[PDB]
$ cat my_file18.pdb   # PDB, C-alpha atoms and all ligand atoms
ATOM      1  CA  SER A   3      34.391 -93.422-146.738
ATOM      2  CA  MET A   4      33.720 -90.670-149.405
ATOM      3  CA  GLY A   5      30.932 -88.126-148.949
ATOM      4  CA  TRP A   6      28.007 -88.063-151.435
ATOM      5  CA  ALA A   7      29.322 -85.161-153.597
ATOM      6  CA  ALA A   8      32.746 -86.878-153.904
ATOM      7  CA  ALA A   9      31.075 -90.252-154.728
ATOM      8  CA  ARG A  10      28.859 -88.625-157.361
ATOM      9  CA  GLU A  11      32.005 -87.179-159.059
ATOM     10  CA  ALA A  12      33.897 -90.566-158.763
ATOM     11  CA  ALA A  13      30.895 -92.520-160.256
ATOM     12  CA  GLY A  14      30.346 -89.938-163.054
ATOM     13  CA  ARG A  15      34.029 -90.235-164.113
ATOM     14  CA  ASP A  16      33.610 -93.981-164.905
ATOM     15  CA  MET A  17      30.002 -95.186-164.719
ATOM     16  CA  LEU A  18      30.798 -98.763-165.910
ATOM     17  CA  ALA A  19      33.574 -99.258-163.286
ATOM     18  CA  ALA A  20      31.251 -97.855-160.531
ATOM     19  CA  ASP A  21      28.518-100.221-161.823
ATOM     20  CA  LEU A  22      30.931-103.226-161.785
ATOM     21  CA  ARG A  23      31.725-102.513-158.066
ATOM     22  CA  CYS A  24      27.960-102.283-157.209
ATOM     23  CA  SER A  25      27.387-105.545-159.194
ATOM     24  CA  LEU A  26      30.197-107.457-157.397
ATOM     25  CA  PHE A  27      28.944-106.085-154.040
ATOM     26  CA  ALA A  28      25.397-107.323-154.950
ATOM     27  CA  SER A  29      26.747-110.760-156.059
ATOM     28  CA  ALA A  30      28.699-111.260-152.772
ATOM     29  CA  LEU A  31      25.761-110.001-150.637
ATOM     30  CA  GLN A  32      23.076-112.160-152.402
ATOM     31  CA  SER A  33      25.153-115.383-152.213
ATOM     32  CA  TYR A  34      24.357-117.842-149.357
ATOM     33  CA  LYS A  35      28.159-117.403-148.674
ATOM     34  CA  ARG A  36      27.708-113.626-147.837
ATOM     35  CA  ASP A  37      29.110-114.175-144.270
ATOM     36  CA  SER A  38      32.530-115.146-145.689
ATOM     37  CA  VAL A  39      32.541-113.457-149.179
ATOM     38  CA  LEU A  40      31.067-110.018-148.339
ATOM     39  CA  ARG A  41      34.393-108.803-146.931
ATOM     40  CA  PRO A  42      34.969-105.874-146.571
ATOM     41  CA  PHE A  43      31.554-105.421-144.923
ATOM     42  CA  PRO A  44      30.000-101.892-144.409
ATOM     43  CA  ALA A  45      30.454-101.128-140.640
ATOM     44  CA  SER A  46      27.166 -99.087-140.527
ATOM     45  CA  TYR A  47      25.296-102.504-140.946
ATOM     46  CA  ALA A  48      27.170-104.147-138.077
ATOM     47  CA  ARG A  49      26.653-103.964-134.283
ATOM     48  CA  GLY A  50      30.166-104.964-133.137
ATOM     49  CA  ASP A  51      30.635-108.609-134.281
ATOM     50  CA  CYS A  52      26.920-108.910-135.315
ATOM     51  CA  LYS A  53      26.498-108.286-139.069
ATOM     52  CA  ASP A  54      22.926-107.325-139.933
ATOM     53  CA  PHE A  55      22.616-109.015-143.378
ATOM     54  CA  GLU A  56      18.779-108.731-143.465
ATOM     55  CA  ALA A  57      18.974-104.877-143.071
ATOM     56  CA  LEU A  58      21.832-104.783-145.641
ATOM     57  CA  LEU A  59      19.953-106.970-148.210
ATOM     58  CA  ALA A  60      16.828-104.842-147.599
ATOM     59  CA  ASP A  61      18.799-101.568-148.300
ATOM     60  CA  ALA A  62      20.749-102.944-151.301
ATOM     61  CA  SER A  63      17.356-103.811-152.914
ATOM     62  CA  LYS A  64      16.486-100.044-152.658
ATOM     63  CA  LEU A  65      19.427 -98.950-154.868
ATOM     64  CA  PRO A  66      18.200 -97.482-158.188
ATOM     65  CA  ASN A  67      20.320 -97.843-161.347
ATOM     66  CA  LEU A  68      23.388 -95.515-161.232
ATOM     67  CA  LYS A  69      22.085 -93.167-163.995
ATOM     68  CA  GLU A  70      18.865 -92.561-161.973
ATOM     69  CA  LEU A  71      20.854 -92.270-158.723
ATOM     70  CA  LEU A  72      23.016 -89.530-160.379
ATOM     71  CA  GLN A  73      20.082 -87.903-162.398
ATOM     72  CA  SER A  74      18.246 -87.301-159.074
ATOM     73  CA  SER A  75      19.170 -85.200-155.984
ATOM     74  CA  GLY A  76      20.983 -86.690-152.928
ATOM     75  CA  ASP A  77      18.217 -86.611-150.250
ATOM     76  CA  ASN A  78      15.905 -88.669-152.617
ATOM     77  CA  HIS A  79      17.994 -91.865-152.081
ATOM     78  CA  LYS A  80      19.748 -91.343-148.650
ATOM     79  CA  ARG A  81      20.527 -95.007-147.666
ATOM     80  CA  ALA A  82      21.369 -95.674-151.335
ATOM     81  CA  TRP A  83      23.940 -92.803-151.438
ATOM     82  CA  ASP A  84      25.519 -93.935-148.094
ATOM     83  CA  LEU A  85      25.926 -97.493-149.459
ATOM     84  CA  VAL A  86      27.166 -96.491-152.979
ATOM     85  CA  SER A  87      29.669 -93.999-151.371
ATOM     86  CA  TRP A  88      31.079 -96.874-149.202
ATOM     87  CA  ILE A  89      31.155 -99.318-152.246
ATOM     88  CA  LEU A  90      33.231 -96.795-154.307
ATOM     89  CA  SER A  91      35.596 -95.868-151.499
ATOM     90  CA  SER A  92      39.068 -97.306-151.198
ATOM     91  CA  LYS A  93      42.422 -95.759-150.227
ATOM     92  CA  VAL A  94      44.233 -98.869-151.615
ATOM     93  CA  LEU A  95      42.942 -99.101-155.203
ATOM     94  CA  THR A  96      40.548 -97.935-157.905
ATOM     95  CA  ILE A  97      39.017 -99.606-160.983
ATOM     96  CA  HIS A  98      39.002 -98.196-164.545
ATOM     97  CA  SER A  99      37.036 -99.240-167.631
ATOM     98  CA  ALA A 100      39.505-100.383-170.314
ATOM     99  CA  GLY A 101      39.281-100.848-174.115
ATOM    100  CA  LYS A 102      40.344-103.135-177.019
ATOM    101  CA  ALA A 103      43.927-101.682-176.914
ATOM    102  CA  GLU A 104      44.332-103.093-173.350
ATOM    103  CA  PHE A 105      42.632-106.458-174.278
ATOM    104  CA  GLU A 106      45.067-106.829-177.267
ATOM    105  CA  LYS A 107      47.925-106.104-174.796
ATOM    106  CA  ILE A 108      46.573-108.872-172.406
ATOM    107  CA  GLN A 109      46.397-111.378-175.340
ATOM    108  CA  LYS A 110      50.043-110.490-176.236
ATOM    109  CA  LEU A 111      51.292-110.803-172.602
ATOM    110  CA  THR A 112      49.542-114.201-172.066
ATOM    111  CA  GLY A 113      50.000-115.608-175.561
ATOM    112  CA  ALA A 114      47.605-116.667-178.332
ATOM    113  CA  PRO A 115      44.935-119.087-176.943
ATOM    114  CA  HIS A 116      45.575-122.791-177.735
ATOM    115  CA  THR A 117      41.756-123.373-177.782
ATOM    116  CA  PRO A 118      38.808-121.078-178.933
ATOM    117  CA  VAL A 119      37.791-118.448-176.331
ATOM    118  CA  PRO A 120      35.070-115.739-176.261
ATOM    119  CA  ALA A 121      36.039-112.052-176.230
ATOM    120  CA  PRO A 122      34.977-110.286-172.965
ATOM    121  CA  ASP A 123      32.038-107.817-173.068
ATOM    122  CA  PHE A 124      33.851-105.480-170.627
ATOM    123  CA  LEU A 125      37.426-105.121-169.460
ATOM    124  CA  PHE A 126      38.603-103.335-166.318
ATOM    125  CA  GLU A 127      42.002-102.406-164.920
ATOM    126  CA  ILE A 128      42.848-102.239-161.203
ATOM    127  CA  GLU A 129      45.151 -99.289-160.291
ATOM    128  CA  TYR A 130      46.891 -99.497-156.891
ATOM    129  CA  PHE A 131      47.913 -96.541-154.676
ATOM    130  CA  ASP A 132      50.786 -96.252-152.162
ATOM    131  CA  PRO A 133      51.834 -97.977-149.874
ATOM    132  CA  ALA A 134      50.468-101.089-151.771
ATOM    133  CA  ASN A 135      51.701 -99.944-155.243
ATOM    134  CA  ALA A 136      55.255 -99.018-154.027
ATOM    135  CA  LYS A 137      55.356-102.234-151.868
ATOM    136  CA  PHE A 138      54.635-104.436-154.957
ATOM    137  CA  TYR A 139      57.399-102.717-157.024
ATOM    138  CA  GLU A 140      59.894-102.963-154.089
ATOM    139  CA  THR A 141      59.205-106.770-153.996
ATOM    140  CA  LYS A 142      59.580-106.908-157.829
ATOM    141  CA  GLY A 143      62.925-105.064-158.046
ATOM    142  CA  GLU A 144      64.475-105.811-161.472
ATOM    143  CA  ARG A 145      62.514-109.160-161.791
ATOM    144  CA  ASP A 146      60.188-109.699-164.795
ATOM    145  CA  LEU A 147      56.381-109.662-164.587
ATOM    146  CA  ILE A 148      54.306-112.676-165.736
ATOM    147  CA  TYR A 149      50.582-112.396-166.608
ATOM    148  CA  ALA A 150      48.284-115.327-165.795
ATOM    149  CA  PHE A 151      44.555-116.017-165.282
ATOM    150  CA  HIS A 152      42.460-117.009-162.291
ATOM    151  CA  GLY A 153      38.828-117.976-162.702
ATOM    152  CA  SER A 154      36.350-117.861-159.811
ATOM    153  CA  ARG A 155      32.642-117.666-158.970
ATOM    154  CA  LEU A 156      31.248-114.112-159.365
ATOM    155  CA  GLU A 157      30.365-113.786-155.616
ATOM    156  CA  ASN A 158      34.121-114.039-154.743
ATOM    157  CA  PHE A 159      35.320-111.004-156.775
ATOM    158  CA  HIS A 160      34.334-108.203-154.293
ATOM    159  CA  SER A 161      36.639-110.003-151.756
ATOM    160  CA  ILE A 162      39.303-110.978-154.398
ATOM    161  CA  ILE A 163      39.673-107.273-155.380
ATOM    162  CA  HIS A 164      39.780-105.743-151.879
ATOM    163  CA  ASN A 165      41.653-108.531-150.003
ATOM    164  CA  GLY A 166      43.677-110.101-152.857
ATOM    165  CA  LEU A 167      43.680-113.797-153.838
ATOM    166  CA  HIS A 168      44.002-116.189-150.821
ATOM    167  CA  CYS A 169      47.504-117.756-150.610
ATOM    168  CA  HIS A 170      46.212-120.210-147.997
ATOM    169  CA  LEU A 171      48.940-122.753-147.281
ATOM    170  CA  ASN A 172      46.911-125.758-146.039
ATOM    171  CA  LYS A 173      49.085-128.841-145.326
ATOM    172  CA  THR A 174      45.942-130.954-144.492
ATOM    173  CA  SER A 175      44.519-130.756-148.091
ATOM    174  CA  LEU A 176      44.815-131.929-151.740
ATOM    175  CA  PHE A 177      44.649-128.193-152.840
ATOM    176  CA  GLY A 178      46.474-126.125-150.143
ATOM    177  CA  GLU A 179      49.672-125.241-152.035
ATOM    178  CA  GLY A 180      48.683-121.534-152.497
ATOM    179  CA  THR A 181      47.084-119.544-155.370
ATOM    180  CA  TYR A 182      46.470-121.560-158.576
ATOM    181  CA  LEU A 183      46.861-119.635-161.854
ATOM    182  CA  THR A 184      46.923-120.624-165.533
ATOM    183  CA  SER A 185      48.458-119.145-168.716
ATOM    184  CA  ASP A 186      45.403-120.409-170.661
ATOM    185  CA  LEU A 187      42.188-118.289-170.513
ATOM    186  CA  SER A 188      40.132-121.347-171.650
ATOM    187  CA  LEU A 189      41.194-123.275-168.480
ATOM    188  CA  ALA A 190      40.432-120.268-166.231
ATOM    189  CA  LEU A 191      36.947-119.762-167.842
ATOM    190  CA  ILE A 192      35.733-123.219-166.714
ATOM    191  CA  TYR A 193      36.297-121.911-163.096
ATOM    192  CA  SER A 194      34.257-118.734-163.848
ATOM    193  CA  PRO A 195      30.571-119.809-164.183
ATOM    194  CA  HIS A 196      27.913-117.151-164.841
ATOM    195  CA  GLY A 197      26.543-115.766-161.561
ATOM    196  CA  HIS A 198      23.843-113.338-160.443
ATOM    197  CA  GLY A 199      25.029-109.721-160.351
ATOM    198  CA  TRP A 200      22.804-106.654-159.870
ATOM    199  CA  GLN A 201      19.342-106.316-161.482
ATOM    200  CA  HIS A 202      19.849-102.552-162.129
ATOM    201  CA  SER A 203      23.343-103.016-163.668
ATOM    202  CA  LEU A 204      24.460-101.383-166.966
ATOM    203  CA  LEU A 205      26.527-104.574-167.498
ATOM    204  CA  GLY A 206      23.512-106.900-167.315
ATOM    205  CA  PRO A 207      22.175-108.972-164.376
ATOM    206  CA  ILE A 208      24.184-112.189-165.122
ATOM    207  CA  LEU A 209      27.984-112.072-165.273
ATOM    208  CA  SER A 210      31.118-114.218-165.418
ATOM    209  CA  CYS A 211      34.420-112.711-164.294
ATOM    210  CA  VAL A 212      38.083-113.789-164.798
ATOM    211  CA  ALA A 213      41.076-112.192-163.006
ATOM    212  CA  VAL A 214      44.255-111.324-164.909
ATOM    213  CA  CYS A 215      47.108-111.338-162.387
ATOM    214  CA  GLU A 216      50.477-109.617-162.515
ATOM    215  CA  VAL A 217      52.985-112.090-161.065
ATOM    216  CA  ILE A 218      56.610-111.347-160.041
ATOM    217  CA  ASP A 219      58.972-113.920-161.694
ATOM    218  CA  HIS A 220      60.465-115.429-158.479
ATOM    219  CA  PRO A 221      61.549-119.010-157.336
ATOM    220  CA  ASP A 222      58.448-119.164-154.969
ATOM    221  CA  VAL A 223      56.211-119.061-158.125
ATOM    222  CA  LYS A 224      56.067-122.823-158.938
ATOM    223  CA  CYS A 225      55.491-123.802-162.621
ATOM    224  CA  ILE A 250      54.087-116.208-172.499
ATOM    225  CA  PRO A 251      52.613-119.664-171.605
ATOM    226  CA  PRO A 252      53.426-122.372-168.913
ATOM    227  CA  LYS A 253      49.998-124.196-168.470
ATOM    228  CA  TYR A 254      48.845-123.921-164.756
ATOM    229  CA  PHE A 255      51.130-122.825-161.800
ATOM    230  CA  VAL A 256      51.109-122.090-157.985
ATOM    231  CA  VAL A 257      52.027-118.900-156.046
ATOM    232  CA  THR A 258      52.886-119.602-152.341
ATOM    233  CA  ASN A 259      53.588-115.944-151.327
ATOM    234  CA  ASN A 260      50.726-113.343-151.642
ATOM    235  CA  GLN A 261      53.362-110.528-151.979
ATOM    236  CA  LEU A 262      54.403-111.934-155.421
ATOM    237  CA  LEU A 263      51.090-111.233-157.228
ATOM    238  CA  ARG A 264      48.186-108.822-157.584
ATOM    239  CA  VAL A 265      44.977-108.783-159.637
ATOM    240  CA  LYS A 266      45.542-106.294-162.482
ATOM    241  CA  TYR A 267      42.577-106.821-164.871
ATOM    242  CA  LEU A 268      39.026-108.143-164.760
ATOM    243  CA  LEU A 269      37.528-109.833-167.859
ATOM    244  CA  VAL A 270      33.741-109.588-167.691
ATOM    245  CA  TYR A 271      31.294-111.711-169.743
ATOM    246  CA  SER A 272      27.642-110.729-169.765
ATOM    247  CA  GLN A 273      25.074-113.479-170.502
ATOM    248  CA  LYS A 274      22.686-112.431-173.306
TER     249      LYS A 274
HETATM  250  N1  LIG B   1      41.029-120.966-160.663
HETATM  251  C1  LIG B   1      41.496-121.247-161.889
HETATM  252  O1  LIG B   1      41.462-120.433-162.831
HETATM  253  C2  LIG B   1      42.029-122.571-162.086
HETATM  254  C3  LIG B   1      42.533-122.916-163.412
HETATM  255  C4  LIG B   1      43.015-124.205-163.699
HETATM  256  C5  LIG B   1      43.047-125.172-162.678
HETATM  257  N2  LIG B   1      42.591-124.865-161.346
HETATM  258  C6  LIG B   1      42.684-125.952-160.356
HETATM  259  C7  LIG B   1      41.557-126.077-159.362
HETATM  260  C8  LIG B   1      42.224-126.632-158.080
HETATM  261  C9  LIG B   1      42.076-125.726-156.825
HETATM  262  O2  LIG B   1      42.048-124.334-157.166
HETATM  263  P1  LIG B   1      40.838-123.261-156.914
HETATM  264  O3  LIG B   1      39.544-123.917-156.430
HETATM  265  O4  LIG B   1      40.640-122.537-158.187
HETATM  266  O5  LIG B   1      41.537-122.455-155.787
HETATM  267  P2  LIG B   1      41.534-122.756-154.239
HETATM  268  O6  LIG B   1      41.310-124.174-153.951
HETATM  269  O7  LIG B   1      42.969-122.335-153.886
HETATM  270  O8  LIG B   1      40.511-121.770-153.475
HETATM  271  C10 LIG B   1      39.108-121.941-153.343
HETATM  272  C11 LIG B   1      38.379-120.670-153.887
HETATM  273  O9  LIG B   1      38.751-119.488-153.190
HETATM  274  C12 LIG B   1      38.625-118.405-154.064
HETATM  275  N3  LIG B   1      39.330-117.214-153.529
HETATM  276  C13 LIG B   1      40.617-116.863-153.611
HETATM  277  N4  LIG B   1      40.820-115.714-152.953
HETATM  278  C14 LIG B   1      39.654-115.281-152.485
HETATM  279  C15 LIG B   1      39.213-114.185-151.800
HETATM  280  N5  LIG B   1      39.986-113.169-151.380
HETATM  281  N6  LIG B   1      37.927-114.078-151.523
HETATM  282  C16 LIG B   1      36.866-115.029-151.838
HETATM  283  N7  LIG B   1      37.457-116.135-152.541
HETATM  284  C17 LIG B   1      38.730-116.235-152.839
HETATM  285  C18 LIG B   1      39.296-118.955-155.300
HETATM  286  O10 LIG B   1      39.016-118.151-156.345
HETATM  287  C19 LIG B   1      38.758-120.380-155.390
HETATM  288  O11 LIG B   1      37.539-120.432-156.056
HETATM  289  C20 LIG B   1      43.694-126.826-158.394
HETATM  290  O12 LIG B   1      43.877-128.190-158.832
HETATM  291  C21 LIG B   1      43.851-125.748-159.481
HETATM  292  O13 LIG B   1      45.094-125.812-160.205
HETATM  293  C22 LIG B   1      42.084-123.572-161.059
END
$ encode --input "my_file18.pdb" --output "structure tokens"
Amino acid sequence: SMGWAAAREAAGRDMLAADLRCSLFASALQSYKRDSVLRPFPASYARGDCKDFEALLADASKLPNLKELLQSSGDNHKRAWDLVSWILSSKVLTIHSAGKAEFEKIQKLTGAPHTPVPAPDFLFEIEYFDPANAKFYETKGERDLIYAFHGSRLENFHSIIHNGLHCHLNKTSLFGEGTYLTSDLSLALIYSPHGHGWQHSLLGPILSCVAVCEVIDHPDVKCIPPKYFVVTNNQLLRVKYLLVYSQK
């Protein structure tokens, strides 16, 4: 992962996106589902197959807010810096804070909501690097891109971002067709209840998050609105935006 000096520069460039990643990490770690949802897991807290969640929870509770972590020297918060550097490291993607120009663009690409919806408090964009970025465009070719929503519990978003949405084909189930998406934000929001984030977060301690996916228009995508649809191949979609709602 990144060193401390590199992480300090990466966090300083976009404090709200660094905070979102710490918040989603804290949500996944605090959940009773941490064993399955805190993936990727920081290898320094594992002894082979044995994940030391008590030591990890104990060290995550020592993280100060990001402004204080940056306002102070490195050797003041050693375990904190090692953890934050790992949280902000990825060779696959990065997250950027976005504005009203990008939210207006999302509304245009998904269509005017049929039903009243709240405006998000924060909006983030996921940028992908090669080989993942070039792989997605090679799969796309000349095909059109469709934008659709996927709601989920807050504790799933650390894993959703780094591993992608599960396209789990389960023949022994009522809901094993693949990834379920909807063109309507109001339908996705009922699947995004408010969850516990990070107490020292700039975004607030209680958040709801909705994924905006970029979907390749392909026959394997089973049906700019078209109610709710199913994606059977994980190569045909990627999470592109995160709509974040902070409970006041
Ligand atoms: N999710 C929505 O926005 C949405 C909207 C409208 C209808 N539905 C219906 C709800 C029902 C089953 O779908 P649903 O429960 O949403 O999906 P699911 O049954 O396919 O999966 C279970 C859970 O896994 C979550 N998940 C996906 N990828 C990951 C990952 N990498 N890490 C941790 N968690 C992950 C996912 O978000 C969902 O909550 C179908 O009838 C859907 O059409 C869902």
$ residues_near_ligand --input "my_file18.pdb" --ligand "ligand LIG 1 (chain B)" --cutoff "9 Å" --atoms "only C-alpha atoms and all ligand atoms" --output "ChimeraX atom specification"
/A:38-41,151-155,157-171,176-194,212-213,253-256
$ write_last_selection --input "my_file18.pdb" --atoms "C-alpha atoms" --output "compact mmCIF listing (two decimals), in the frame of the given file"
# COMPACT_ATOMS: atom_id res chain seq x y z
CA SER A 38 32.53 -115.15 -145.69
CA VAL A 39 32.54 -113.46 -149.18
CA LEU A 40 31.07 -110.02 -148.34
CA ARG A 41 34.39 -108.80 -146.93
CA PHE A 151 44.56 -116.02 -165.28
CA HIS A 152 42.46 -117.01 -162.29
CA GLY A 153 38.83 -117.98 -162.70
CA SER A 154 36.35 -117.86 -159.81
CA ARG A 155 32.64 -117.67 -158.97
CA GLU A 157 30.36 -113.79 -155.62
CA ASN A 158 34.12 -114.04 -154.74
CA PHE A 159 35.32 -111.00 -156.78
CA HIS A 160 34.33 -108.20 -154.29
CA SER A 161 36.64 -110.00 -151.76
CA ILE A 162 39.30 -110.98 -154.40
CA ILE A 163 39.67 -107.27 -155.38
CA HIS A 164 39.78 -105.74 -151.88
CA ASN A 165 41.65 -108.53 -150.00
CA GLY A 166 43.68 -110.10 -152.86
CA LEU A 167 43.68 -113.80 -153.84
CA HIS A 168 44.00 -116.19 -150.82
CA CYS A 169 47.50 -117.76 -150.61
CA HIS A 170 46.21 -120.21 -148.00
CA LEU A 171 48.94 -122.75 -147.28
CA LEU A 176 44.82 -131.93 -151.74
CA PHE A 177 44.65 -128.19 -152.84
CA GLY A 178 46.47 -126.12 -150.14
CA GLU A 179 49.67 -125.24 -152.04
CA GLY A 180 48.68 -121.53 -152.50
CA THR A 181 47.08 -119.54 -155.37
CA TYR A 182 46.47 -121.56 -158.58
CA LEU A 183 46.86 -119.64 -161.85
CA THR A 184 46.92 -120.62 -165.53
CA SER A 185 48.46 -119.14 -168.72
CA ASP A 186 45.40 -120.41 -170.66
CA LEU A 187 42.19 -118.29 -170.51
CA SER A 188 40.13 -121.35 -171.65
CA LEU A 189 41.19 -123.28 -168.48
CA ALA A 190 40.43 -120.27 -166.23
CA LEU A 191 36.95 -119.76 -167.84
CA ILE A 192 35.73 -123.22 -166.71
CA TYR A 193 36.30 -121.91 -163.10
CA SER A 194 34.26 -118.73 -163.85
CA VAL A 212 38.08 -113.79 -164.80
CA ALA A 213 41.08 -112.19 -163.01
CA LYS A 253 50.00 -124.20 -168.47
CA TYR A 254 48.84 -123.92 -164.76
CA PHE A 255 51.13 -122.82 -161.80
CA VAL A 256 51.11 -122.09 -157.99
$ resolve_selection --input "my_file18.pdb" --expression "the PyMOL selection byres (((chain A and resi 139) around 12) and not hetatm)" --output "ChimeraX atom specification"
/A:130-138,140-147,216-218,261-264
$ residues_around --input "my_file18.pdb" --residues "range 50-63 of chain A" --least-positions-apart "3" --cutoff "12 Å" --atoms "all atoms listed in the file" --output "PyMOL selection string"
chain A and resi 24-25+27-38+40-47+66-67+79-86+89+200-202
$ atom_distance --input "my_file18.pdb" --atom1 "CA of residue 126 in chain A" --atom2 "CA of residue 101 in chain A"
8.2 Å
$ atom_distance --input "my_file18.pdb" --atom1 "CA of residue 100 in chain A" --atom2 "CA of residue 250 in chain A"
21.6 Å
$ atom_distance --input "my_file18.pdb" --atom1 "CA of residue 48 in chain A" --atom2 "CA of residue 206 in chain A"
29.6 Å
$ resolve_selection --input "my_file18.pdb" --expression "the PyMOL selection byres (((chain A and resi 69) around 12) and not hetatm)" --output "PDB file with C-alpha atoms, keeping the file's coordinate frame"
ATOM      1  CA  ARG A  10      28.859 -88.625-157.361  1.00  0.00           C
ATOM      2  CA  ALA A  13      30.895 -92.520-160.256  1.00  0.00           C
ATOM      3  CA  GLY A  14      30.346 -89.938-163.054  1.00  0.00           C
ATOM      4  CA  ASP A  16      33.610 -93.981-164.905  1.00  0.00           C
ATOM      5  CA  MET A  17      30.002 -95.186-164.719  1.00  0.00           C
ATOM      6  CA  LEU A  18      30.798 -98.763-165.910  1.00  0.00           C
ATOM      7  CA  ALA A  20      31.251 -97.855-160.531  1.00  0.00           C
ATOM      8  CA  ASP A  21      28.518-100.221-161.823  1.00  0.00           C
ATOM      9  CA  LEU A  65      19.427 -98.950-154.868  1.00  0.00           C
ATOM     10  CA  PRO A  66      18.200 -97.482-158.188  1.00  0.00           C
ATOM     11  CA  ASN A  67      20.320 -97.843-161.347  1.00  0.00           C
ATOM     12  CA  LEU A  68      23.388 -95.515-161.232  1.00  0.00           C
ATOM     13  CA  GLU A  70      18.865 -92.561-161.973  1.00  0.00           C
ATOM     14  CA  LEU A  71      20.854 -92.270-158.723  1.00  0.00           C
ATOM     15  CA  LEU A  72      23.016 -89.530-160.379  1.00  0.00           C
ATOM     16  CA  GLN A  73      20.082 -87.903-162.398  1.00  0.00           C
ATOM     17  CA  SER A  74      18.246 -87.301-159.074  1.00  0.00           C
ATOM     18  CA  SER A  75      19.170 -85.200-155.984  1.00  0.00           C
ATOM     19  CA  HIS A 202      19.849-102.552-162.129  1.00  0.00           C
ATOM     20  CA  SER A 203      23.343-103.016-163.668  1.00  0.00           C
ATOM     21  CA  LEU A 204      24.460-101.383-166.966  1.00  0.00           C
TER      22      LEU A 204
END
$ closest_residue --input "my_file18.pdb" --among "A:273, A:91, A:78, A:112" --to "residue 8 in chain A" --atoms "only C-alpha atoms"
A:91
$ axis_aligned_box --input "my_file18.pdb" --around "range 129-141 of chain A" --padding-each-side "8 Å" --output "AutoDock Vina command-line options"
--center_x 52.5 --center_y -101.5 --center_z -155.1 --size_x 30.7 --size_y 26.5 --size_z 26.4
$ resolve_selection --input "my_file18.pdb" --expression "the PyMOL selection byres (((chain A and resi 215) around 6) and not hetatm)" --output "ChimeraX atom specification"
/A:149-150,214,216,264-266
$ residues_around --input "my_file18.pdb" --residues "residue 208 in chain A" --least-positions-apart "2" --cutoff "7 Å" --atoms "only C-alpha atoms" --output "list in words"
residues 196, 197, 198, 199, 206, 272 and 273 of chain A
